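*Asks:* So that we are looking at the same thing, I have put the structure below in structure tokens.
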Amino acid sequence: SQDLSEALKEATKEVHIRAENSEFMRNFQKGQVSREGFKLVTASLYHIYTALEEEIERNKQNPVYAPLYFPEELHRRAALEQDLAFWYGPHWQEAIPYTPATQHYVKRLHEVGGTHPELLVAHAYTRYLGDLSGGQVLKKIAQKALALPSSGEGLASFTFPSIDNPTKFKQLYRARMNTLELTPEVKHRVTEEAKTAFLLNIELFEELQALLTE
Ligand code: HEM
């Protein structure tokens, strides 16, 4: 479509359905998630967000990204560290895995943030708006399926205390995205990089599912 936010939604509709149909997610939605599986994804995401937010800080002043800088509201690295500490203990840093698919994703995140800053939006969009959407549904399912503390320990990465209303916040995020100045061509490169982003997540779920099956 014309507005970037609409073009992104249109461009990733197919890979989104594919992400929901991935074995790992299908099971998660139906309440079939294990402590081992949840630990795995959380660990993998700690790396992805670490790399992602490291690149964001690098371009927080770059006009091609500046409008999407929301450290207090969205940044997930700290929350993920809290979950990892809960699941793996004080020495989580050294106990957590770093799978091939996660590294491949982290790599892409450094390339983009490093030399293609105008595409970082595609990656932030894919992870953050997803956390505020499907993530909100999954959060509730996980607390039940994993019989977690009613206080929220273990699910801090799904919690955005600095956001009163995710739905409302996403509309504001879309507004900001449509504020970005870029040619139709670069805009296409953006929607195209968001598919790549979903594909990196898909590949990551397929790998973890493969790792878990045993
Ligand atoms: C358990 C599987 C999933 C379910 C059930 C799900 C469900 C949804 C729903 C219902 C929406 C629409 C907004 C809302 O009403 O909340 C949405 C949006 C979105 N999801 Fe997912 N989702 C899932 C997995 C994912 C994954 C794995 C990603 C990314 C890696 C993702 C990324 C997004 C994005 C970026 C949007 C916003 C699209 C836009 O409006 O431009 N989702 N999801």
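In chain A, numbers come from Swiss-Prot; the residues present are 10-223, in order.
Method reported for this entry: X-ray crystallography, 2.2 Å.
For all residues, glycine too, the Cβ spot is worked out from N, Cα and C.
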*Asks:* Based on Swiss-Prot, name the residue from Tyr78, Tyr97, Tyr114, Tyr134 that is recorded for the same heme b site as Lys18, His25, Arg183.
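*Replies:* Among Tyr78, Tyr97, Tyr114, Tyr134, only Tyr134 appears alongside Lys18, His25, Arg183 as heme b-binding in Swiss-Prot.
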*Asks:* Output, ordered by sequence, the same-chain residues six or more apart from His25 (heme b binding site) with a CB under 8 Å from its CB, or 'none'.
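*Replies:* Non-local contacts for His25 (heme b binding site): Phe207.
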*Asks:* In angstrom units, rounded to an integer, how far apart are the Cα atoms of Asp140 (site 'Important for catalytic activity') and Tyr134 (heme b binding site)?
*Replies:* 10
*Asks:* Using a 10 Å radius around each Cβ and counting other Cβ atoms from all shown chains, which of the recorded positions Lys18, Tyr134, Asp140, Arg183 yields the largest count?
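*Replies:* Selected residue: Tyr134.
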